[PDB]
Amino acid sequence: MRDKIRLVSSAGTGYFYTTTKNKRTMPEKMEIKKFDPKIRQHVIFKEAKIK
Amino acid sequence: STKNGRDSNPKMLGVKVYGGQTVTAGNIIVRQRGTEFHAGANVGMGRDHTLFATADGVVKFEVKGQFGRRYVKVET
RNA sequence: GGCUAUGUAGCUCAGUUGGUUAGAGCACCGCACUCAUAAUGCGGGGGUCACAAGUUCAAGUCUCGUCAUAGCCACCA
RNA sequence: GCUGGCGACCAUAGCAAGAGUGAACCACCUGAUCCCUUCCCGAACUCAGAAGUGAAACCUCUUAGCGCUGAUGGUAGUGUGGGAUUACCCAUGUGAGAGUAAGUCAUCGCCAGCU
RNA sequence: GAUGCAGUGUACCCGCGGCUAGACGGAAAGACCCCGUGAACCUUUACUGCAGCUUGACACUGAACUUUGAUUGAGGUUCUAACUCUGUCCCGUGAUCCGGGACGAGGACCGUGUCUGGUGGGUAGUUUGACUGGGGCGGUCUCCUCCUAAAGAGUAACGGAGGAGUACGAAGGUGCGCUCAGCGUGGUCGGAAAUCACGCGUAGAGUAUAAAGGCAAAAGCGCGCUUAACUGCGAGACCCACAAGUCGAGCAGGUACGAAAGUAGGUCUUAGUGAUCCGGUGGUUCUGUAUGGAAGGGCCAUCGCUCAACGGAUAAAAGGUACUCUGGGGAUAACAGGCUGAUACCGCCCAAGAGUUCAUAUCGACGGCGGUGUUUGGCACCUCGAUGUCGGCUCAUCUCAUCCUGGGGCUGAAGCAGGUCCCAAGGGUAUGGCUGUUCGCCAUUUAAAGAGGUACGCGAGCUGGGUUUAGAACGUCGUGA
RNA sequence: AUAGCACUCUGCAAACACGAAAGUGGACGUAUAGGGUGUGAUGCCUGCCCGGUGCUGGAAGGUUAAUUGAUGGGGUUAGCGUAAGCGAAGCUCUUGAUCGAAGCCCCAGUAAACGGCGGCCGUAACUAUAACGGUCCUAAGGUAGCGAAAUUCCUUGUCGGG
RNA sequence: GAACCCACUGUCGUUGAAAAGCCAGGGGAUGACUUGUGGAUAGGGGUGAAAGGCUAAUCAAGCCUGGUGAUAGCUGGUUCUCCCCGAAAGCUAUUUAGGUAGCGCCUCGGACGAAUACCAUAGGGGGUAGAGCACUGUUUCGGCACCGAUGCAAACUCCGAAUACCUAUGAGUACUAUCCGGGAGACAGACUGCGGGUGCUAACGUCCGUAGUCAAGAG
RNA sequence: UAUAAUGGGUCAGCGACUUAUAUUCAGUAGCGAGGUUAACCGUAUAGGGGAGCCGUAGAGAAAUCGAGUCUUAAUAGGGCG
RNA sequence: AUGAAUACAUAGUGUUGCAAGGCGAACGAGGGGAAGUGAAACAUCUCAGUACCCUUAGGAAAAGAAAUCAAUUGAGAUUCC
């Protein structure tokens, strides 16, 4: 089953998105460009535990 | 015992505004599962194939094209 | 959720922290012994040592995780 | 009067069969240098051009051969009131589908080029 | 299921002795059955407490030697002075209580207080869903698609059919590009069917998945680059008890793909879901119990329920009652009545055939049409502030679809007998063995031992053997009641 | 209920029962006694099973309570710093290394403890049956005796007597 | 086998002579016997040769007084007069189904008037009745899977009404629509005609849609 | 429901929507951008007693602002006024 | 005054004098302490420190003179509205 994960801004603002992923087919950590509203720029977001 | 006995809730689809009526921009004209009607001039199409008005005017239904499609449009 | 202990041939128990340089007993098949038989003796086949990585001159044997199982304990949205 | 481009309309307009056109346009056509292209191929896409052809294709004409269109009349159904209960009848209003006669080888707008 | 209604028949007014067919007679707010978020008592591996029993730590609790484990722990042996004696003696004292004194036997044990783990139907409070052609058993409970659904929407049944509790960082965005399936011909292995080439009529292919509505600017299929599967919103509508749900042009910021006009706020769409409370995590220019902080709280983002009885009563719950009880219902079952007639019984139509020939003396296949209101049933209209019985006994009354007796037609009717049909209800129409039996089997009679209705006639006329209270036992089921 | 039988507990300040305790019954008794449980004169007798639940005896491995409190992480401020920020000691919030019993898991015994005591397919010279044999699963697959029984649905089983 | 103590059978009695008896029979009758007097055990307790028996005609938890006017979504009852209007038995949710809540339906006050309805014209979408075989299924007979004749369909459609529904304009008629507040009741329905599911084209059967009547309406 | 569904043998007397407090709406009276006192004192229904309550401002969770305020980077848009 | 085990003593015993016990309304103080019910079920909770039981005063009782509040550095024992 797909597991829930957080995508955390690399700008250090603490902003984050949430999504799901299949760990069997995507073992590596997700990295994707997303818009951060605290700094109003597009930056890289990285996978973290849903916690 | 029976293996039947299920049904889904109604969806209330159908024509909401008929030909000759006056509409305001944003008014929904047709609720439809598929494209039984297609969008003409001043009519927009939603993600669930809803047809809505994008201008103020009078609704008109017609049949046009090489495929015989049913069109709805808004005349200003 | 926490602490533990296990998973080795067709069927079973070892081999357990370095140079493991996986064997032991029953299943078989063939051979020998017998006037004919066994038991017994010999040979062959039958696993690839739960999986995935890490260090290392040595990894079934250790460290990390992911399974299946067992034992005790804990669970006031 | 022909040719090309863009539309209106979407079979009375289409499909099929036969015939015709190279002055211009179009099409086939020559080559693979440079631009660009093939999950391989200059077949397509693209570029550079005029030795040929109207064959193919596209257009134009003819044909009711398939298709399409289609009355009038009648029948089925049906709202209202009345009468009956295998679900019909009467008054009044309405009126198909199928089939029959019959029709059809479209009709228009803008721009440019030839004779 | 009528003394009281309709039609009609009969009937002068009033006692007395008898009788029990009716007044759904009197008696007891039905005890059977169902319901109420009723009661009680009993059971248990239902839930949650407690008594009792038990473990260790600390306290009452001290002194000396010793041995041993990973500074500390544990063990052993002595001692007396705390403490024990329901052991002896002395005194208060005329006393098998008690108190004090002297011994003796024990002794830092036993035992008690506080805390703590285990056990705990011994005891206590409770729970143990609803729908339902009665209830139980079975099935079902939320969401999506089609039909029922009567050409707008909506529309029920334990009505007819299927799916869901997901998947995907590409299977999303964009620019560019491409058409499926099948068939017929040829062509190494290679054929029914692999791949190649050319043609014919063709959406019959596909669309992650069920169905429906759709799909050429294809919404189907590829390639390159990419993250719009953005943030703040949002005119206006659909749907709607609420809580919710759905579509959305357009504006601002940042971005991706395009030469560009532009397209993009996840996927052709409609299922893939869970309120509130209580907490966890990341931020935050809010709050901060004298003041500065902090703890805690608020706001924004997000996490934890098969709460599937899916608007979710608790964090936490199964059974028995024939030992039973209360409030209710003819809203709802068992008896009898009523409606109906599938079933049951009786009759008729056609007639293959059977009958040495010959459908119809007597039978009669395959099919068809009715009658009755005896059976098994369907429904739930009357009765639950009571219509109170399976059979026997006593006493009956009616129907005729006639068992005997009476009168006839036909006959495969010689006679005697028999078969079949028609008319006929005046009278008549067994005793015993077995069993609670009605029934049935049997023995022996008779002219015959008919079929039915009457609350399956008759218990305010009798009985009480069976069923169906409380006792007890066997087989079986259950841990147990 | 009973005489008879058996199991089991109890060494005396007995077990057991009543009670909050003091105390009382047991008993002014002492294992030939007292309590609990089942069976029920007598005759002949009383088979197999310890897998389950319980009881009894082991074992010292795993797990676990209070208690104890090693470490780690924060709050506050003397001070240091232009400032940002850093920041001892002392108080204080939190975390829980080590020690830690019974119980449970583990190993045996125990049925006159609660309890349990199977299935499938074939075989002897006509026909039948099976002294006999193969196979699967259990802790074990019903001995003696009895049997349409206070137990038997089919069932008024079949045969014999009356 | 008498007294005494019991209580196996039968008739009677059952508003009794009697809230358990009489009569005729019956069992024990030196024992685990019967009996007088006075004592002990007290309610989740006692006692029981054990029936849930007995504990003052009361027992699966005695009696009395208090908590107490327990609670009861249940049943019953609810008292003088006249005038006006006038329902519902549906939807949604519910440990909910004979209760209740929001909405629908009634009444009263205020605001506001033509914004409303009937009918006539005009515009509009449909997939039912019927019909048909062009798709999906199904059917019969011929010819060589196709071809020709021929039927059928709630979950088939190349077609396709009448009605109904939405909107605009208009004449006449009518105290019509709408908004804001106070008070409710009701959420067991019944029959009949028409369109249907279910049942047997049964039921005064059952479940929907639609209209009338009853309910709550006499003649 | 004439019902063969319930209740009443008859008469006379008794027998069931109350009281206190709070709150909302309507009518009526006083005063009116204001209205009103409570306990209490008081030869006491008077007269004193202004603490308090309602109305006169909203937005936001709040700090804060205020005819505006919240959300937001936004003076855009939008919600409550 | 007398008087043991036991030598002093003590326990024990006796006489005289003084005092107490019991009853009764409500209010007070203290020691124990439910359930029916509500939550539309029920265990936390409620009912409620209520009912009830027990001990014991006074004309009243209890409390009372800050190791108390407050947060412009202010108030000033207890009790009642």
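A note on names: the letters A, B, ... follow the listed sequences, proteins ahead of strands, and every chain is numbered from 1.
- Considering only the side chain of B:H49, E:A219 comes nearest among E:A237, E:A217, E:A219.
- Between E:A218 and E:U43 there is no base pair of the Watson-Crick or G-U wobble kind with both donor-acceptor distances below 3.5 Å.
- Remark: the bases of F:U30 and F:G43 do not meet in a Watson-Crick or G-U wobble pair with both edge contacts under 3.5 Å.
- In this structure, the NZ atom of A:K38 is 8 Å from the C1' atom of E:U284, given to the nearest Å.
- Across all strands shown, G:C8 is found opposite G:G25 as a Watson-Crick or G-U wobble partner, with both distances under 3.5 Å.
- In a base pair of the Watson-Crick type (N1 to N3 plus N6-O4 or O6-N4) or a G-U wobble (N1-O2 and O6-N3), with each distance short of 3.5 Å, D:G95 is matched with no nucleotide.
- Atom-to-atom, CZ of B:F52 to P of E:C247 comes out at 12 Å; the value is rounded to the nearest Å.
- Using a 4.0 Å cut-off, some side-chain N or O of B:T2 falls inside it from OP1 or OP2 of E:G160.
- Under the rule of centres below 5.5 angstrom and planes below 30 degrees, the bases of H:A46 and H:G47 are stacked.
- Nucleotides D:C45 and D:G99 fail the base-pair criterion, which asks for a Watson-Crick or G-U wobble arrangement whose two donor-acceptor distances both fall under 3.5 Å.
- OP1 or OP2 of E:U145 has at least one side-chain nitrogen or oxygen of B:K11 nearer than 4.0 Å.
- A:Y17 and A:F45 have their aromatic ring centers within a separation under 6.0 angstrom.
- At a threshold of 4.0 angstrom between heavy atoms, the contacts of B:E36 are confined to the sugar-phosphate backbone, with no base atom among them.
- With rounding to whole Å, A:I44 atom CD1 is found 13 Å from E:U255 atom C1'.
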